[PDB]
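Colleague: Structure provided below as C-alpha cells; questions to follow.
2 protein chains.
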Amino acid sequence: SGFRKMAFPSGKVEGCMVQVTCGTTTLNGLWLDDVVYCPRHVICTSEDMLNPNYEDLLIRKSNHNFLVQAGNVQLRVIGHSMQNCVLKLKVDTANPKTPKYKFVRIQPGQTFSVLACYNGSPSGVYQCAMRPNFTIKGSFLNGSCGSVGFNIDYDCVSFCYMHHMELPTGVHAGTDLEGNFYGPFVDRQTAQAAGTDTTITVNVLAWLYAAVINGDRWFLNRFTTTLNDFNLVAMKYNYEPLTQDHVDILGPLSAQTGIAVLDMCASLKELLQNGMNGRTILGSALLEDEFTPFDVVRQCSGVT
Amino acid sequence: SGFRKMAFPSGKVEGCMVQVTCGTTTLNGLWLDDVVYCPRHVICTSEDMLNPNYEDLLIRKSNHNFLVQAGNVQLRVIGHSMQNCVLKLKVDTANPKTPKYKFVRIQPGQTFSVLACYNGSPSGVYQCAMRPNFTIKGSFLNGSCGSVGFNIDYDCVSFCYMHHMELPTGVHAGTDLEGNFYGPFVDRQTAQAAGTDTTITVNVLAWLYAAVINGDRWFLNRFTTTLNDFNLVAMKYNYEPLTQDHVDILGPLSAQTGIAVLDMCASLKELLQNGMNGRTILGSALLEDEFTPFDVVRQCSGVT
Ligand SMILES: CC1CCN(C(=O)Cn2nnc3ccccc32)CC1
Ligand SMILES: CC1CCN(C(=O)Cn2nnc3ccccc32)CC1
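If you read the sequences in order, they're chains A and A'. A prime marks a further copy of an entry chain.
Residues in the first sequence are numbered consecutively from 1, following PDB author numbering.
Residues in the second sequence are numbered consecutively from 1, following PDB author numbering.
And the structure:
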C-alpha cells in the first residue's frame, strides 16, 4: 500500500549522459550507439538565441568544434548533422552502456521520467506529464538542456523528450528524439505563450482508482453519470473531454475495484462541484493528473 | 525554474540490488563489497512472522539455505550473521558495481530516495522523508522488503533505510543498514500503532523559500513573528517546534531571497490560520514538508 509519484530507475539513462560543448555553450547530450543527440541551440551564443538561423550558424562549425566528454574522457567526433531541432554527433566509439532503446513521440496526457543533468552529470530524477498544451512542468536550470524524458518497459528504454527551453512563464518545452518540438514552440528566445493547461481527466480517474485501491474511499458517492453529462462538467472545469477510449483504458482499474468507470466519473463530478472540503486524497489536497491508468496498474502490481 | 519532488539518480543503487530467497520467502538484498544485507525476516514462513524467535529460526539455516541471485547469476554464500534486524550474507565475490558508500542513521525530518525493488529488480524511484513518528509514507507491495533508502553526495551513496514492514495503517517501517529500526517498531506481524504524524516545520519553510525562488509569492505577508509566538501556533497545528538550529539551517535561503526566517514563519502562521483559500503553492494545495533546506538549495543550484 501507499502511492507515490514514482519515476523509472534512471541507471540505464545515466549511462548515456554526456557533456556537449560548442564554443562557449555547454549542455547535455544523449550517447546511444555511436551517436550523441543534443539540442541544436548548443551552436548558439546568448545573442544568437534571440533570432537564430541554425543552418547559417551550423556552417561555421566543424566536427572538432563539438567537444563531447563522457565522464572524464573525450569522444572523437567524426560527423555531425542537424535533424529538425537536434544535432546528431557521430562519434568513433559506440557507447558500451547503450541500453535497448526506442525513440517515441508521446501524446499529451502521457507521463515519463526526466533525468535532470548538468555538464553531462545527473542531478536527479522525477516523474512528469506532457501537458495538453504540450508544455511540461519540470525543474530545469540553465545548463539542463539535453536532459531527457523516458519510459522503461522491462529492458527497453523509450526516450520521448529532450529538454530545450523554458518559456517566460516558467514552464518547459522540448522535442522528441527526432528533434521535433512538442506543440508549437520554436527554439528561439522569443516570448511564446502556452495555451490552456487543462486537466488530464483519464489520469485523475486512474488516480481516484489508485486511491480506492490504497484505502482512501471518502469521495465515493451514491451517484452515476453519462459520458455526455460528465463532459459538460469537465468543460466547465477545464478538464479534457473523456471518451470511450479513456473508459476502455480504465477497464482493468474498474474491474479490480468493482467501481464502474461512470460511477467514478460521478465521484469526480461531485469533487469538481463541491471541492475537497479541506480533506485529502492520497496525501494531496488537489486532484492529481500525472498518473496514467498504466502507471496506476504498474505501481499497484510491482512491474520491474 | 520549476520545483519537483526529485529523487537522486538510482543507477549506483541499482547495481547493488540482488534477490534473496530463504525457504519459501523471497525479498531484496543489498550487495556491497562481499556482503549482502537483507531483512532478517527472510528466514520466516508466513506463520513464523506472527511471533518469531529469530535466533531460534536462524539455527535451522545454513549458508546454502540463502539463495542469492544477482541478475541471472547465483552468488556463493560463504557466511551468515544476524546484526540486529538485518542479515549479513558473506558471499565469495565482491560486487564489481559497489559504489563509494556509507551507512548513516538519519534523523526524523530528513529526506531520502527509495529504489522500490521486487525479486532483486528495480521498479521505481521516489523521494520521501523519515516522519517525526519514525514511519515513512512509501509505496511498497509484498516482496518490496530489502528495498533501500539513500542519499548521494557527489560519488558517495549514504544508505539510510532498508524496508522491513507495513503497519496495519498502511505506513511503512524499517531499519538503518545496521539493522536497527527507526522508531519503536519490531519485525513482528503484530498491530503496532504509529504516533502523531506531525508536520516538519523547517521543511515547510524551506519549501516556502523554494516557492519564492520560483515565482510563487502570493502568501508573503506584511507580518513578522518570534520563535515562541510561532511555536504556539505550530503546537496548535501539530507542527514540529522550530528551534534556532532550524533558523540557522534556513540562513542561505533567507539570504538568497532577502526574506528573514521569522518573516517566513509569519507567512506560514497566516497560512496555517487562514488556509490556502483554494490557491496553490508550487502546484500543491497543502503545505509540503518533504523537502529539507539542503534539498531546496541542491535543486535550486543544480548539484550533480
Ligand atoms: C533557443 C534558446 C531559448 C532559451 N533557452 C532556454 O530556455 C534554456 N533553458 N532551458 N531550461 C532552462 C531553465 C532556466 C534557464 C534557461 C533554461 C536557451 C535556448
Ligand atoms: C515480520 C513481518 C511483518 C509483516 N511484513 C510486512 O509488512 C512486509 N511488507 N513490507 N511492505 C509491505 C507492503 C505490503 C504487504 C506486505 C509488506 C513481513 C515481515
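Just so you know, even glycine gets a beta-carbon here, dropped at the ideal spot from N, CA and C.
Helix, strand or coil for A:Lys61, going by three-state DSSP, please let me know.
Modeller: In the structure shown, A:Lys61 sits in coil (DSSP, three-state: anything other than H, G, I, E or B).
Colleague: For the segment 92-110 of chain A' against the segment 15-35 of chain A', are there 3 or more C-beta pairs whose distance is under 8 Å?
Modeller: With a cut-off of 8 Å, the segment 15-35 of chain A' and the segment 92-110 of chain A' count as touching, because enough Cβ pairs lie within range.
Colleague: Would you say A':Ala173 and A':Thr135 are within 7 Å of each other, going by their C-beta atoms?
Modeller: Yes, the pair counts as a contact, with Cβ atoms nearer than the cut-off.
Colleague: Compute the distance between the beta-carbons of A':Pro39 and A':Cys145, then report whether it is under 7 Å.
Modeller: Result yes, Cβ atoms of A':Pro39 and A':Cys145 sit closer than 7 Å.
Colleague: When you measure from the CB of A':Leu67 to every non-hydrogen atom of ligand 2, does any distance come out below 6 Å?
Modeller: Every heavy atom of ligand 2 is 6 Å or more from the Cβ of A':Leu67, so no.
Colleague: Of all Cβ atoms in chain A', is any one closer than 7 Å to the Cβ of A:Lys137?
Modeller: Yes, contact with chain A'.
Colleague: Consider the Cβ of A:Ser10: report whether some Cβ of chain A' lies at a distance smaller than 7 Å.
Modeller: Yes - at least one Cβ of chain A' is within 7 Å of the one on A:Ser10.
Colleague: Give the residues of chain A in contact with residue 339 of chain A', contact being defined as C-beta atoms less than 9 Å apart.
Modeller: The first residue shown for chain A' is 1 and the last is 304, placing residue 339 of chain A' beyond what the model contains.
Colleague: Could you work out which residues of chain A' lie near A:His172, taking near to mean beta carbons separated by less than 7 Å?
Modeller: Neighbours of A:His172 on chain A', chain order: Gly2.
Colleague: Which residues mark the beginning and the end of the beta strand (DSSP E) in which A':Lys5 is found?
Modeller: Neither: A':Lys5 is in no beta strand (DSSP E) and is coded neither H nor E.
Colleague: I need the DSSP call for A':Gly15, collapsed to helix, strand or coil.
Modeller: A':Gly15: coil per DSSP, three-state reduction.
Colleague: Helix, strand or coil for A:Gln110 per DSSP?
Modeller: Correct three-state label for A:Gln110: coil.
Colleague: Within its chain, find whatever has a CB closer than 6 Å to the CB of A:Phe291; leave out the 5 residues flanking it on each side and keep chain order.
Modeller: Counting only Cβ-Cβ distances below 6 Å, and skipping sequence neighbours, we find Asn203, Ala206, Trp207.
Colleague: Going along the chain, which residues of its own chain have a beta-carbon closer than 6 Å to the beta-carbon of A':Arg105, five neighbours each way excluded?
Modeller: Taken in chain order, the residues that qualify are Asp176.
Colleague: Compare the C-beta of A:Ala210 with all C-beta atoms of chain A' and state if any pair is closer than 7 Å.
Modeller: By this cut-off, A:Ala210 is not an interface position.
Colleague: I need the straight-line Cα distance from A':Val42 to A':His80, nearest angstrom please.
Modeller: If you take the alpha carbons of A':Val42 and A':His80, they lie about 13 Å apart.
Colleague: Say whether the segment 254-270 of chain A touches the segment 216-226 of chain A, bearing in mind that this needs 3 or more beta-carbon pairs closer than 8 Å, one atom from each stretch.
Modeller: Yes, the segment 254-270 of chain A touches the segment 216-226 of chain A.
Colleague: Listed from N- to C-terminal order along the chain, which residues in the segment 138-157 of chain A have their beta-carbon within a distance smaller than 8 Å of any beta-carbon of chain A'?
Modeller: Listed by position, the residues of the segment 138-157 of chain A near chain A' (Cβ gap below 8 Å) are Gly138, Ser139, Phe140, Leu141, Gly143, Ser144.
Colleague: Are the beta-carbon atoms belonging to A':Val18 and A':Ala70 less than 7 Å from one another?
Modeller: Yes, the Cβ-Cβ distance between A':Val18 and A':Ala70 is below 7 Å.
Colleague: Would you call the segment 116-124 of chain A' in contact with the segment 6-25 of chain A', where contact means no fewer than 3 C-beta pairs closer than 8 Å?
Modeller: The answer is yes - the segment 6-25 of chain A' touches the segment 116-124 of chain A', with three or more Cβ pairs under 8 Å.
Colleague: So does A:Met162 have its beta carbon nearer than 6 Å to some heavy atom of ligand 1?
Modeller: Not so, every heavy atom of ligand 1 lies at least 6 Å from the Cβ.
Colleague: As an exercise, report each continuous alpha helix (DSSP H) stretch of at least 4 residues that is fully enclosed by the segment 190-224 of chain A, in chain order.
Modeller: Segments of the alpha helix (DSSP H) lying fully in the segment 190-224 of chain A: 201-213.
Colleague: Quick check: the segment 277-284 of chain A against the segment 239-247 of chain A, are there 3 or more CB pairs under 8 Å?
Modeller: With a cut-off of 8 Å, the segment 239-247 of chain A and the segment 277-284 of chain A do not count as touching, because too few Cβ pairs lie within range.
Colleague: Grouping DSSP H, G and I as helix and E and B as strand, with all else coil, what is A:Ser139?
Modeller: Looking at A:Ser139 - three-state DSSP - the assignment turns out to be coil, as it is neither helix nor strand.
Colleague: For the candidate residues A:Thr98, A:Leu50, A:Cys300, A:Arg76, whose alpha-carbon lies nearest to that of A:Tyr209?
Modeller: Of A:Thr98, A:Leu50, A:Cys300, A:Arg76, the residue nearest in Cα terms is A:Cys300.
Colleague: Just to check my reading of the structure: A:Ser284 and A:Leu220 have Cβ atoms closer than 8 Å, yes? What is that Cβ distance to the nearest angstrom?
Modeller: That belief does not hold up - the Cβ atoms of A:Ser284 and A:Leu220 are roughly 17 Å apart, past 8 Å.
Colleague: Assuming the contact rule is C-beta atoms closer than 8 Å, A':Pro293 and A':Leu250 should be a hit. Round their C-beta distance to whole Å, please.
Modeller: 5 Å between Cβ atoms; contact.
Colleague: One question on the structure: do A:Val68 and A:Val20 come within less than 7 Å of each other, judged by their Cβ atoms?
Modeller: Going by C-beta atoms, A:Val68 is nearer than 7 Å to A:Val20.
Colleague: Check A':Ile43 in the structure and name its three-state DSSP category.
Modeller: In the structure shown, A':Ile43 sits in a helix (DSSP, three-state: H, G or I).
Colleague: Tell me the DSSP bridge mates of A':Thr175?
Modeller: The partner list for A':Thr175 (beta bridge, DSSP) reads A':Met162, A':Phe181.
Colleague: Do you know how far the Cα of A':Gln83 is from the Cα of A':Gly275?
Modeller: A':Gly275 and A':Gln83: Cα-Cα distance of roughly 47 Å.
Colleague: From what residue to what residue does the alpha helix (DSSP H) around A:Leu253 run?
Modeller: Its alpha helix (DSSP H) spans residues 244-257.
Colleague: For A:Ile78, count the other beta carbons within 10 Å of its own beta carbon; 16 or more makes it buried, fewer makes it exposed. Which is it?
Modeller: Counting Cβ neighbours within 10 Å, A:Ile78 comes out exposed, since fewer than 16 surround it.
Colleague: Quick check: A:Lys102 and A:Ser46, are their CB atoms within less than 7 Å of each other?
Modeller: No, the Cβ-Cβ distance between A:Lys102 and A:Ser46 is not below 7 Å.
Colleague: Would you check whether ligand 2 has a heavy atom nearer than 6 Å to the C-beta of A':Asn142?
Modeller: Correct: A':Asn142 has its Cβ closer than 6 Å to ligand 2.
Colleague: Between the Cα of A:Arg131 and the Cα atoms of A:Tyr161, A:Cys117, A:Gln244, which residue gives the shortest distance?
Modeller: Considering only alpha carbons, the answer is A:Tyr161.
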